[PDB]
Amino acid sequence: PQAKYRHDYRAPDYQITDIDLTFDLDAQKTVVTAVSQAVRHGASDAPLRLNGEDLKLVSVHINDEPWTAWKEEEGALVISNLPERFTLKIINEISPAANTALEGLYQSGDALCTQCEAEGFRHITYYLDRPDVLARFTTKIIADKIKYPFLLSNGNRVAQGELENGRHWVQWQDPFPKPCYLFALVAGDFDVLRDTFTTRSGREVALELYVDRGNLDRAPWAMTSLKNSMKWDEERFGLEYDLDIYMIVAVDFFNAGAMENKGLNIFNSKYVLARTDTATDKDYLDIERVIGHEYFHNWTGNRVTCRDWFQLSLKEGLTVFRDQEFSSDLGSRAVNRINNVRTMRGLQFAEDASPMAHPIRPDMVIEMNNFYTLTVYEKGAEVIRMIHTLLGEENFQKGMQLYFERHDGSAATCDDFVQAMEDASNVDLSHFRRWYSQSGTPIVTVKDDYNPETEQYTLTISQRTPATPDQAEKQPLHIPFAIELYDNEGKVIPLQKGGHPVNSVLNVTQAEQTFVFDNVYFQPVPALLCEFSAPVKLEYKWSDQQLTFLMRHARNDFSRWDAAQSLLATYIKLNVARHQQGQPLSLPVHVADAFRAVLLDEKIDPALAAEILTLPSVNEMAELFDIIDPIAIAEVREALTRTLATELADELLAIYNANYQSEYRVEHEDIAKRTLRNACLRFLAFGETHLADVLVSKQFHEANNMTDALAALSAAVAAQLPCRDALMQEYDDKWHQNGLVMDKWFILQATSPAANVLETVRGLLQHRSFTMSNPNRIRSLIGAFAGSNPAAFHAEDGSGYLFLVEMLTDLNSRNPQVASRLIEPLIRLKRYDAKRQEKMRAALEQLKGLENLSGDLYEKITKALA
């Protein structure tokens, strides 16, 4: 399989302006007829090269003439000797029922549905399957009326008929030109929740959610969130929906979470269905997120699309930034920012050090599905956020307005988006463009000095980005670096220099620079890189007392949480070294005290309290070390939890009882209290065992909602409490017919600290609720084991590696995209010790030898073995 390179982009030799599709639908054998109006832009001898994969070609006509001047090659139909404008007609056959990879047209339970992003439409018919080719689609669907009473495609329903033999048909027309990745089709039998939203200028939009029969009672939250998304995008970005109908269909078999197909989003049912006894606060808020996100693509991705797939972040980074703003405006911004920072530092940084490292705009791709990444998404968004930080909201919105004004109806690049922001704002972003083209995490080192003679504070800030596997050359970035200076009472000290105020977002543009501040009337405690103002690693020599001070006094809630993380980091590192020498945990008392103080601050927002009392995950802890010892990290996290539980026992139980809530509400104050209560529970679970067991079984049995019940179950598993087995059995007894709810149970099993966890995981491949044919199940058991039980996955005997190789040997042929998600923990081998490396290298070499090795895995494996 061949790499493609961004620098090789060229305008296509042919365009298609309109396509009329006919599906004669059948699970075994669907016949597709595609009539496309085309225009040659290139030279008369440049043939039309159409992409196609696993298609059975039946005929080819040009202006109704059977065409003889063509040939099929690997992945393509190449057609010669064409006129400048012509109608192309292709008839071909495909087989949805055989599509296990879930790309193109496939079967989800009894339904048929599509997934076309990125290059899945070529699995449906021969086409210019590239997103710079935009066309007006009309879609006629013909099918068995009893099996497929609902037949859906993009746009408006314009025609319909009955036929003999129990068949019917419907035709759809989508008036907005689109790249084919935005094509969708769905056929099946559903319950439909119907509502409307009226836009600020008065357009009434029919809203339709299609769910499996019986699930209508789990749909209203998603409907509500769609309405909230549409409203917010009007209030914040001034953007209105542009069609008269908005459809979402929830399907159980889907590789990703959701898809923004124009006017017909297709969603993994995981991010639609909720009821208070099946879904947690977190599920409610994820559903909010994803509904929002796909909706926001309607403009940032659909009305303006991507010129080529290397520009993916233009839509994903920007649309992530939007879904974060949405969540943040509606919920707690601090909690949003916090969790988003956890993800950047604990997962994205890891990827940006891995063999798969890439800039947010990749320069080289073998399999484009491997680039739907933390980097393109999460770091993409941080890059957009830095633009926001440099421009301020008002110029940023001007920038958005120019972007649309210029590019509505077309396919754009990252550089276009940057240029619009620069032209509207008058802020120069030529240096800043470097963030699109350079991989890896910059490291920013800060040194300070206070001069009591001059009342000056001097910061010397330096930056470097270490080389990455993909890039030997690195250069300085334009880093927005926000600071605040605190005096000894915790008040902010005005930043100024030579009589004049100074913006507190510093422009760190060089390898090294000095900034001098005047009238600093006391030696300051600095808050640095406030709000995570740039996606960088900060190197500064805090004292513990600076950090506890910031925990008490910092103006932004983010800086308080962040300071607590810097406090813990030190002692996490200490205790990992200790663990490797067989020593128990050591923690100075004033650390426990900072946490006690948080527990008892009556004025702190319980949302914030709760995040501070949520210890860094093992993945966040991993990023503190050059070489990861996953066992020591895990055991230290446990011991820290044990220590704090013991030291803060009375306080924890007090706060636990005080945040009791009789009523269950999906409301931000209630969620916050409850998130704090269950954080308290989690520590208590690791205290005195009799009390722990009582508390946890009691919460599980008395919970009136899944959030409280799952937090108990999860604590029973984590702390291996006596009630554990009985509670897990009850959950299975009650919930086994429900895959989505079971996924929770599988994750708990897979991430158990128990000694025989691997053995249990293997057994669960045969569980009544598991199947290898559903990505959700695969991800919830196997993926959670490899990615989220690093202590077991990295067992010194290598049994974790072998187990994954077995699973990937199946998935490489069944569903390579899920395979490629799942291989990721293996391609991190260079972060681990030599002996684990040798075993992971051997596993990868075994996979490299598979017959019919997929491209998706080949790309990752060769990079990892290089």
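So that there is no doubt, residue numbering starts at 1 and follows the sequence shown.
The PDB entry reports B-factors from which the mean C-alpha value can be compared for 709 to 717 and 595 to 603; the larger average falls on 595 to 603. The mean Cα B-factor in the deposited entry runs higher for 161 to 169 than for the other of 412 to 420 and 161 to 169.
Across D252, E260, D233, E74, the greatest Cα temperature factor reported in the deposited entry is at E74. The entry assigns its greatest Cα B factor, within the set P149, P362, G238, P753, to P753.
The PDB entry assigns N336 a C-alpha temperature factor belonging to the lowest third of its chain's modelled residues. When all modelled residues of the chain are sorted by CA temperature factor, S269 is found within the middle third. In this PDB entry, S44 carries a Cα temperature factor that places it within the highest third of its chain's modelled residues. Among the modelled residues of the chain, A11 sits in the middle third by CA temperature factor in this PDB entry. When the CA B factors of the chain's modelled residues are split into thirds, the value for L802 lands in the highest one.
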